[PDB]
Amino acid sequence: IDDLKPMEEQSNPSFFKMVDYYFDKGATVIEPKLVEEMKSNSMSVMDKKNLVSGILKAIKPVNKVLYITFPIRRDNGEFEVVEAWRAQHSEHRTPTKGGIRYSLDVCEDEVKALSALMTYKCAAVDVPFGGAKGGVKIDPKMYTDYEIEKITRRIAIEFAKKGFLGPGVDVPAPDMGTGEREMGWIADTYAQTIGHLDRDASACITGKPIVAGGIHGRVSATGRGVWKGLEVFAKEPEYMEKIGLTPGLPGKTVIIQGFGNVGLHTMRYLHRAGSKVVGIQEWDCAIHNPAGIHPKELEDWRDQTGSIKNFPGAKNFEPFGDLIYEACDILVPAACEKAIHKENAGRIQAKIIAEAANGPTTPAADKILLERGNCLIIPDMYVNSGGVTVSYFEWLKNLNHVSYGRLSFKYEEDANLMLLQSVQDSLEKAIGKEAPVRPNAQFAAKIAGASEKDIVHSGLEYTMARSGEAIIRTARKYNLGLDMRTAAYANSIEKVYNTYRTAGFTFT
């Protein structure tokens, strides 16, 4: 039907195929440099082109999909068969990394598309994992705690038996329908059965509860990275003027589509950065307030009343699905894929679109806005990878068998106080009077609060900034304009390809 039109003309394209289209755009930018960098005096130019083309060809398709079925007895005593999948898109680095969904939506093509995006996300943030994705095809709200635990423990055993769960092979994480209690159950099941000799059993999964080896700073990480991603680009006048904006995040109006975890923490960090979140669009409501909604009050009001609607500090915006077409400086899509498509891209008045969700903009809509010349799209596989980065830190913490800062916080504090007293001694000698030299209020507060989350945050921010700058240099180098998505894919593909070339692949 539609799926014969070109990809930049499709209305309801496949998710995996639109990711492959973004891959191809990126491979095209980078392949000349790759052929040029290959050096053999025993390879002809055709040899070199074929090898580069062959590695890029290998990267695109999912390496591996495990499909399983198993029985369970429901709490009522009857028996039912459950399906589950785990895709490992790329093993150029192991373990693979990616979440597990409990949803009726899960399908093989879905885990394939998102596992591929996971490969490019990890590469974007210099996280040494190939991408993976899993799903159990259940509506979890239809099951008791005990039924969910039985299902969770059974996928842990079956996945682990076949090499689809393990600290060195495949490390999952929460997704839609799962959370930290399921990760704690998977970790325990692994540690207690087929990983009972694994010294690093708790590194088999991330998003664990703190008491089971989880990491502080996980819950807000994705939202905090979206903020840092927006920050990296908002400081650039070249792109800010071409889209008609002034630099910096303070003052910018933000419409956020989705008040789940990522939208909420983005709102939190954006609000906490001086922005006005003038609109919240949800699946059945939308509140707007040109003054901006306060995320605490609205989270509380949503907590209290169950919904953002009628939010005392916010009018209900009706035609509530059209709040995203309202005028804003930044639109933050944080709900499902293909939210900006062929048929609505032109109605988007946002000057920046920060893709907090996976695949919110179809190739068709990406084109319309790029040709329009006044829209900066910050791509999903960069801007929404803050959680990926922190998950790497959680895996490391489990391999380390100690929390970050345990052996350094006091040592460093005492060293800093000794340094400050040395300066005070030196100053009082030079000026001949009492002159205290103490931490100011900010430094005193960070010293008093020093905790693992600070180390996580600093590490996240360091990575988001470096990755963002590399995407900018690439766009500039190839005169890609506001097409930061093609720049980001070129950078990620290049890293994957160079893994293959130094490993020396071919041997199949």
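Numbers follow the displayed sequence, beginning with 1.
**Q** I need to verify one thing: averaged over C-alpha atoms only, is the B-factor higher for 415-423 or for 272-280?
**A** Going by the record's values, the stretch with the higher mean is 272-280.
**Q** Which of the two stretches, 360-368 or 118-126, shows the higher mean Cα temperature factor in the record?
**A** Result of the comparison: 360-368.
**Q** Among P247, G229, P209, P71, single out the one with the highest C-alpha B factor in the record, please.
**A** Of the candidates given, the C-alpha B-factor peaks at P247.
**Q** Can you tell me which of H89, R181, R93, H341 has the highest Cα temperature factor in the record?
**A** Reading the PDB entry, the winner on C-alpha B-factor is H341.
**Q** Could you say whether, by C-alpha temperature factor, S307 belongs to the lowest, middle or highest third of its chain?
**A** Tercile = highest for this residue's CA B-factor.
**Q** When the modelled residues of the chain are sorted by Cα temperature factor, does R406 land in the lowest, middle or highest third?
**A** Its C-alpha B-factor, which the entry lists for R406, ranks in the lowest third among residues of this chain.
**Q** Mind checking which third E236 falls in for C-alpha B-factor across the chain?
**A** Top third by C-alpha B-factor.
**Q** Using the B-factors in the PDB entry, rank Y497's C-alpha atom against the chain and give the third, lowest, middle or highest.
**A** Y497: CA B-factor falls in the lowest third of its chain.
**Q** Taking the entry's C-alpha B-factors for this chain, is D483 in the lowest, middle or highest third?
**A** Middle third.
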